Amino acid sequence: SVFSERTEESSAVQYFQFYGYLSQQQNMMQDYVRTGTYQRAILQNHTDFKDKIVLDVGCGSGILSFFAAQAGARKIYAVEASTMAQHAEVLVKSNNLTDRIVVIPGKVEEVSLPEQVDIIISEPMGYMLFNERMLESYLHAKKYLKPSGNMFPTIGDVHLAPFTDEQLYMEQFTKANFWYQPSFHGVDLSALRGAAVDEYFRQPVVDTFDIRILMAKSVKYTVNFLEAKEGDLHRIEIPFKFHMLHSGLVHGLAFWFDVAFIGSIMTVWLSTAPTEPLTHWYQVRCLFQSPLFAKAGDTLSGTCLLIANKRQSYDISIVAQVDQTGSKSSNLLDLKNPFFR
(Lines of atoms letter the chains of each structure in order from A and count residues from 1; the text may use other names and numbers.)
(Lines give C-alpha, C1' and ligand atoms only; values in the text may rest on other atoms or scores of the structure.)
Protein backbone atom coordinates (compact mmCIF):
# COMPACT_ATOMS: atom_id res chain seq x y z
CA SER A 1 0.00 0.00 0.00
CA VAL A 2 1.00 3.64 -0.44
CA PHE A 3 1.34 4.13 3.32
CA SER A 4 3.69 1.20 3.99
CA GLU A 5 5.83 2.00 0.94
CA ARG A 6 6.58 5.47 2.31
CA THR A 7 6.74 4.49 5.99
CA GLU A 8 9.26 2.58 8.10
CA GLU A 9 7.45 0.00 10.24
CA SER A 10 9.28 1.12 13.36
CA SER A 11 7.95 4.66 12.89
CA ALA A 12 4.41 3.48 12.10
CA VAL A 13 4.19 1.29 15.19
CA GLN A 14 5.23 4.13 17.47
CA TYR A 15 3.05 6.59 15.56
CA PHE A 16 -0.24 4.68 15.84
CA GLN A 17 0.67 3.51 19.32
CA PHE A 18 0.97 7.17 20.30
CA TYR A 19 -2.53 7.98 19.06
CA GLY A 20 -3.94 4.85 20.69
CA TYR A 21 -3.83 6.67 24.04
CA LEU A 22 -7.02 8.34 25.26
CA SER A 23 -4.90 10.97 27.03
CA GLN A 24 -3.55 12.28 23.71
CA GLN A 25 -7.04 12.38 22.24
CA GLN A 26 -7.97 14.34 25.35
CA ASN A 27 -4.94 16.56 24.86
CA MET A 28 -6.06 17.42 21.32
CA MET A 29 -9.74 17.72 22.26
CA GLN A 30 -9.01 20.10 25.14
CA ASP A 31 -7.41 22.49 22.65
CA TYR A 32 -10.54 24.63 22.57
CA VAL A 33 -9.32 26.82 19.70
CA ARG A 34 -8.79 23.74 17.52
CA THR A 35 -11.94 21.84 18.44
CA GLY A 36 -14.13 24.92 18.63
CA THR A 37 -12.90 26.21 15.29
CA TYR A 38 -13.51 22.84 13.62
CA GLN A 39 -17.02 22.67 15.08
CA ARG A 40 -17.63 26.27 14.02
CA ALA A 41 -16.40 25.52 10.49
CA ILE A 42 -18.55 22.41 10.17
CA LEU A 43 -21.77 23.68 11.79
CA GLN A 44 -21.84 27.15 10.19
CA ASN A 45 -21.44 25.33 6.86
CA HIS A 46 -24.12 22.77 7.71
CA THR A 47 -25.40 22.80 4.12
CA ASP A 48 -22.10 21.28 2.98
CA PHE A 49 -22.99 18.34 5.23
CA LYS A 50 -26.80 18.17 5.16
CA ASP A 51 -27.82 14.74 3.84
CA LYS A 52 -24.29 14.24 2.50
CA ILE A 53 -21.80 11.38 2.62
CA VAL A 54 -18.73 12.25 4.64
CA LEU A 55 -15.26 10.77 4.97
CA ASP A 56 -13.39 11.53 8.20
CA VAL A 57 -9.72 10.72 7.70
CA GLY A 58 -8.20 9.75 11.04
CA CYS A 59 -11.27 10.26 13.20
CA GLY A 60 -9.53 9.44 16.48
CA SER A 61 -12.22 9.75 19.14
CA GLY A 62 -14.61 10.63 16.31
CA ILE A 63 -15.26 14.20 17.40
CA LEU A 64 -15.23 15.63 13.86
CA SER A 65 -17.66 12.94 12.70
CA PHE A 66 -19.99 13.86 15.55
CA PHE A 67 -19.73 17.45 14.36
CA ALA A 68 -20.54 16.19 10.86
CA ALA A 69 -23.51 14.32 12.35
CA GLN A 70 -24.72 17.45 14.15
CA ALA A 71 -24.65 19.29 10.81
CA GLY A 72 -27.07 16.75 9.31
CA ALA A 73 -24.84 14.33 7.38
CA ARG A 74 -26.69 11.23 6.21
CA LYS A 75 -23.75 8.87 6.61
CA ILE A 76 -20.18 9.43 7.82
CA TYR A 77 -17.33 7.00 7.25
CA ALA A 78 -14.84 7.47 10.06
CA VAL A 79 -11.52 5.88 9.16
CA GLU A 80 -9.04 5.24 11.96
CA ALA A 81 -5.88 3.12 11.95
CA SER A 82 -4.97 3.12 15.66
CA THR A 83 -6.77 1.21 18.42
CA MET A 84 -8.68 4.43 19.12
CA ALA A 85 -11.16 3.18 16.51
CA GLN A 86 -12.62 0.81 19.10
CA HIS A 87 -13.27 3.67 21.53
CA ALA A 88 -14.78 5.80 18.78
CA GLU A 89 -17.26 3.02 18.05
CA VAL A 90 -18.14 2.91 21.75
CA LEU A 91 -18.93 6.63 21.59
CA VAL A 92 -20.93 6.17 18.40
CA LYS A 93 -23.11 3.63 20.21
CA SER A 94 -23.48 5.56 23.48
CA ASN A 95 -24.51 8.63 21.47
CA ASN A 96 -27.05 6.60 19.46
CA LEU A 97 -25.55 7.57 16.09
CA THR A 98 -24.98 4.06 14.74
CA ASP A 99 -27.25 4.91 11.82
CA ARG A 100 -25.05 7.79 10.65
CA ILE A 101 -21.45 7.26 11.85
CA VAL A 102 -19.62 4.19 10.55
CA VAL A 103 -16.16 3.46 11.97
CA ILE A 104 -13.76 1.88 9.48
CA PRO A 105 -10.73 0.44 11.31
CA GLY A 106 -7.52 0.66 9.28
CA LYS A 107 -5.36 3.01 7.22
CA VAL A 108 -7.18 5.22 4.73
CA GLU A 109 -4.77 3.97 2.06
CA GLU A 110 -5.85 0.37 2.68
CA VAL A 111 -9.51 0.18 3.73
CA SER A 112 -12.42 -0.10 1.29
CA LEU A 113 -15.39 2.25 1.33
CA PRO A 114 -18.80 1.19 -0.05
CA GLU A 115 -19.37 4.49 -1.90
CA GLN A 116 -17.90 7.84 -2.94
CA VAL A 117 -18.29 10.71 -0.49
CA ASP A 118 -19.44 14.31 -0.92
CA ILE A 119 -16.90 15.79 1.47
CA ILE A 120 -13.72 14.84 3.28
CA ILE A 121 -13.04 16.08 6.78
CA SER A 122 -9.80 15.63 8.65
CA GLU A 123 -7.41 17.34 10.98
CA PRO A 124 -4.11 16.12 9.51
CA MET A 125 -1.86 19.07 10.44
CA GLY A 126 1.37 18.56 12.38
CA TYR A 127 4.23 20.76 13.59
CA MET A 128 5.25 23.16 10.83
CA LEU A 129 2.03 21.86 9.22
CA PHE A 130 3.71 18.99 7.36
CA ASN A 131 5.13 16.89 10.21
CA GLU A 132 3.68 13.34 10.49
CA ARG A 133 3.04 13.26 6.73
CA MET A 134 -0.69 12.83 7.29
CA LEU A 135 -1.57 15.48 4.68
CA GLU A 136 -0.63 12.79 2.17
CA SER A 137 -3.24 10.43 3.62
CA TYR A 138 -5.75 13.27 3.51
CA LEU A 139 -4.92 13.91 -0.15
CA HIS A 140 -4.76 10.16 -0.83
CA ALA A 141 -8.32 9.89 0.45
CA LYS A 142 -9.49 12.00 -2.52
CA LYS A 143 -9.78 8.74 -4.45
CA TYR A 144 -13.08 8.49 -2.56
CA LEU A 145 -14.19 12.03 -3.34
CA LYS A 146 -16.90 12.78 -5.91
CA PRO A 147 -15.67 15.04 -8.76
CA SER A 148 -17.14 18.28 -7.36
CA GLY A 149 -16.78 17.24 -3.72
CA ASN A 150 -15.26 19.38 -0.97
CA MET A 151 -12.53 19.23 1.65
CA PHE A 152 -12.45 20.53 5.21
CA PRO A 153 -9.89 22.08 5.51
CA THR A 154 -9.77 23.35 1.93
CA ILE A 155 -6.37 25.06 1.94
CA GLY A 156 -3.33 25.29 4.17
CA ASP A 157 -1.00 28.28 4.44
CA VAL A 158 2.52 27.94 5.81
CA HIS A 159 4.03 31.21 7.02
CA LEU A 160 7.78 31.85 7.20
CA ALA A 161 9.45 34.86 8.83
CA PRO A 162 12.99 35.73 9.98
CA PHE A 163 13.42 36.25 13.73
CA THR A 164 15.93 37.54 16.28
CA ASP A 165 16.27 35.75 19.63
CA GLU A 166 19.80 35.74 21.03
CA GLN A 167 18.87 33.97 24.26
CA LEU A 168 17.43 31.00 22.36
CA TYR A 169 20.57 30.88 20.23
CA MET A 170 22.95 31.02 23.18
CA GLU A 171 20.63 28.66 25.06
CA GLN A 172 21.29 26.02 22.37
CA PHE A 173 24.95 26.98 21.95
CA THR A 174 25.37 26.58 25.72
CA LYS A 175 24.08 23.02 25.45
CA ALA A 176 26.36 22.25 22.53
CA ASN A 177 29.34 23.76 24.37
CA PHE A 178 29.27 20.90 26.90
CA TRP A 179 31.23 19.06 24.21
CA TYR A 180 33.73 21.94 24.19
CA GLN A 181 35.25 20.71 27.45
CA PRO A 182 38.94 19.72 27.23
CA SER A 183 38.80 17.82 30.53
CA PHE A 184 35.39 16.51 31.58
CA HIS A 185 36.33 14.21 34.47
CA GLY A 186 39.76 14.17 32.84
CA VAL A 187 38.42 13.45 29.35
CA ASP A 188 38.86 15.68 26.30
CA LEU A 189 35.48 15.97 24.56
CA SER A 190 36.36 18.83 22.20
CA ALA A 191 36.76 16.64 19.12
CA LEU A 192 32.98 16.14 19.16
CA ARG A 193 32.11 19.82 19.59
CA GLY A 194 31.19 20.10 15.91
CA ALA A 195 28.92 17.06 15.94
CA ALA A 196 27.21 18.40 19.06
CA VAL A 197 26.51 21.80 17.48
CA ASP A 198 25.11 20.05 14.41
CA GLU A 199 22.87 17.77 16.47
CA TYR A 200 21.44 20.54 18.64
CA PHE A 201 20.87 22.99 15.80
CA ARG A 202 19.20 20.29 13.70
CA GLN A 203 16.35 20.52 16.21
CA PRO A 204 13.44 22.80 15.37
CA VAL A 205 12.37 24.74 18.45
CA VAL A 206 8.69 24.25 19.24
CA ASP A 207 7.24 27.01 21.39
CA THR A 208 5.67 30.46 21.25
CA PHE A 209 7.17 33.94 21.21
CA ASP A 210 6.41 37.66 21.05
CA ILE A 211 5.62 38.81 17.51
CA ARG A 212 8.11 41.69 17.72
CA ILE A 213 11.05 39.30 17.45
CA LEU A 214 10.01 38.99 13.80
CA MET A 215 12.21 41.05 11.50
CA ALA A 216 9.99 41.02 8.41
CA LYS A 217 6.45 40.41 7.22
CA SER A 218 5.96 36.67 6.71
CA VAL A 219 6.10 34.86 3.38
CA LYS A 220 3.17 32.57 2.60
CA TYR A 221 3.20 29.14 0.94
CA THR A 222 -0.22 27.73 0.06
CA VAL A 223 -1.29 24.13 -0.39
CA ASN A 224 -4.69 23.75 -2.05
CA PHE A 225 -5.98 20.39 -0.83
CA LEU A 226 -8.65 20.31 -3.54
CA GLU A 227 -5.96 20.43 -6.22
CA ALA A 228 -2.83 18.94 -4.64
CA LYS A 229 -1.74 15.32 -5.02
CA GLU A 230 0.22 13.17 -2.57
CA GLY A 231 3.43 13.40 -4.55
CA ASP A 232 3.40 17.18 -4.34
CA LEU A 233 4.40 16.81 -0.68
CA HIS A 234 7.40 14.51 -1.19
CA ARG A 235 9.60 17.50 -2.05
CA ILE A 236 8.39 20.95 -1.00
CA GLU A 237 10.42 23.89 -2.27
CA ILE A 238 9.54 27.23 -0.66
CA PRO A 239 11.50 30.17 -2.10
CA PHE A 240 11.51 33.40 -0.09
CA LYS A 241 12.41 37.09 -0.37
CA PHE A 242 12.04 39.00 2.90
CA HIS A 243 12.12 42.79 3.03
CA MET A 244 13.79 43.49 6.36
CA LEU A 245 11.83 45.94 8.51
CA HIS A 246 14.40 46.02 11.32
CA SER A 247 18.19 45.97 11.57
CA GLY A 248 19.87 43.21 13.56
CA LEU A 249 20.87 39.57 13.80
CA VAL A 250 18.65 37.03 12.10
CA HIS A 251 19.02 33.88 14.20
CA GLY A 252 16.70 31.84 12.02
CA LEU A 253 13.27 31.38 10.50
CA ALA A 254 9.97 31.10 12.34
CA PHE A 255 7.20 28.91 10.98
CA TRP A 256 3.49 28.70 11.59
CA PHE A 257 0.40 27.77 9.58
CA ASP A 258 -3.25 28.58 8.91
CA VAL A 259 -5.91 26.33 7.42
CA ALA A 260 -9.12 27.52 5.80
CA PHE A 261 -12.46 25.77 5.68
CA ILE A 262 -13.97 27.25 2.54
CA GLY A 263 -17.63 26.33 2.84
CA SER A 264 -20.79 27.35 1.00
CA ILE A 265 -22.07 29.64 3.76
CA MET A 266 -18.76 31.13 4.90
CA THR A 267 -14.99 30.69 5.13
CA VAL A 268 -13.62 29.76 8.55
CA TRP A 269 -9.93 30.09 9.43
CA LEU A 270 -7.90 28.10 11.93
CA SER A 271 -4.64 29.92 12.68
CA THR A 272 -1.56 28.97 14.71
CA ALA A 273 0.09 32.36 14.18
CA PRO A 274 1.91 34.01 17.12
CA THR A 275 -0.60 36.87 16.83
CA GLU A 276 -3.41 34.42 17.60
CA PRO A 277 -4.37 32.53 20.77
CA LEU A 278 -1.96 29.71 21.52
CA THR A 279 -2.72 26.22 20.25
CA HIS A 280 -1.05 22.89 20.90
CA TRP A 281 0.91 23.38 17.67
CA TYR A 282 2.56 26.50 19.10
CA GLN A 283 5.09 27.78 16.58
CA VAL A 284 8.27 26.30 15.14
CA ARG A 285 11.64 27.98 14.76
CA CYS A 286 14.64 26.80 12.78
CA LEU A 287 17.92 28.27 14.03
CA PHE A 288 20.94 29.21 11.97
CA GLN A 289 24.23 27.84 13.31
CA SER A 290 25.51 31.39 12.86
CA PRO A 291 23.14 34.40 12.72
CA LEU A 292 23.07 36.78 9.74
CA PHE A 293 23.37 40.53 10.23
CA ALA A 294 20.93 42.62 8.19
CA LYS A 295 19.98 46.30 8.14
CA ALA A 296 16.44 47.56 7.67
CA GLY A 297 15.67 47.75 3.96
CA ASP A 298 17.87 44.80 3.03
CA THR A 299 16.42 41.73 1.35
CA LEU A 300 16.86 38.28 2.86
CA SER A 301 16.46 35.75 0.08
CA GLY A 302 16.66 32.00 -0.23
CA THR A 303 14.89 28.68 -0.12
CA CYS A 304 13.32 26.35 2.41
CA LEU A 305 13.40 22.81 1.03
CA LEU A 306 11.37 20.12 2.79
CA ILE A 307 12.14 16.49 1.90
CA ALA A 308 9.72 13.86 3.17
CA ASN A 309 11.43 10.91 4.86
CA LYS A 310 10.38 7.37 5.71
CA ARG A 311 9.98 8.32 9.39
CA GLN A 312 6.79 10.28 8.68
CA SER A 313 8.63 13.60 8.87
CA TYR A 314 10.83 15.93 6.82
CA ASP A 315 14.47 16.71 6.29
CA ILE A 316 14.59 20.51 6.35
CA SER A 317 17.12 22.42 4.31
CA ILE A 318 17.20 26.18 4.80
CA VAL A 319 19.41 28.42 2.70
CA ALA A 320 19.22 32.16 3.25
CA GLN A 321 21.33 35.15 2.23
CA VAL A 322 21.44 38.89 2.71
CA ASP A 323 21.44 39.95 -0.94
CA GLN A 324 23.15 43.29 -0.27
CA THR A 325 26.24 41.77 1.35
CA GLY A 326 26.29 38.16 0.18
CA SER A 327 26.15 36.95 3.78
CA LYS A 328 24.90 33.39 3.41
CA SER A 329 23.69 30.67 5.72
CA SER A 330 22.81 27.07 5.01
CA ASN A 331 21.19 24.77 7.52
CA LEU A 332 19.85 21.26 7.89
CA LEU A 333 17.18 20.32 10.44
CA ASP A 334 15.49 17.08 11.48
CA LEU A 335 11.80 17.77 12.07
CA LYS A 336 11.45 14.31 13.65
CA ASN A 337 13.54 15.38 16.66
CA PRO A 338 12.21 18.75 17.79
CA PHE A 339 13.01 20.62 21.00
CA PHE A 340 9.95 21.23 23.16
CA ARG A 341 10.89 24.42 24.99
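Counting begins at 1, following the sequence as shown. Between two forms, the rigid core is defined as the largest C-alpha subset superposing within 1.5 Å.
- Superposing each structure in 9 other deposited structures of this protein on the rigid core shows that the farther-lying of 292-300 and 56-64, by root-mean-square Cα distance, is 56-64.
- Taking the rigid core as the alignment reference, the C-alpha atoms of 169-177 lie farther on average from the displayed form in 9 other deposited structures of this protein than those of the other stretch among 105-113 and 169-177.
- Taking the PDB entry as given, 166-174 carries the higher mean Cα B factor of the two stretches 236-244 and 166-174.
- Looking at mean Cα B-factors across 265-273 and 83-91, the upper value is held by 265-273.
- Comparing C-alpha B-factors across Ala254, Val259, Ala78, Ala216 in the deposited entry, the largest value falls on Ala216.
- Comparing the C-alpha B-factors of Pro124, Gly231, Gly106, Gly72 in the entry, the top value falls on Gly72.
- Placement of the Cα temperature factor of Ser148 within the chain: highest third of the modelled residues, per the deposited record.
- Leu160 sits in the middle third of its chain by CA B factor, as recorded in the PDB entry.
- Residue-level temperature factors show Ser183 in the highest third of its chain, judged at the C-alpha atom.
- Per the PDB record, residue ranking by Cα B-factor puts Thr47 in the highest third of the chain.
- For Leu278, the recorded CA temperature factor ranks within the highest third of the chain's modelled residues.
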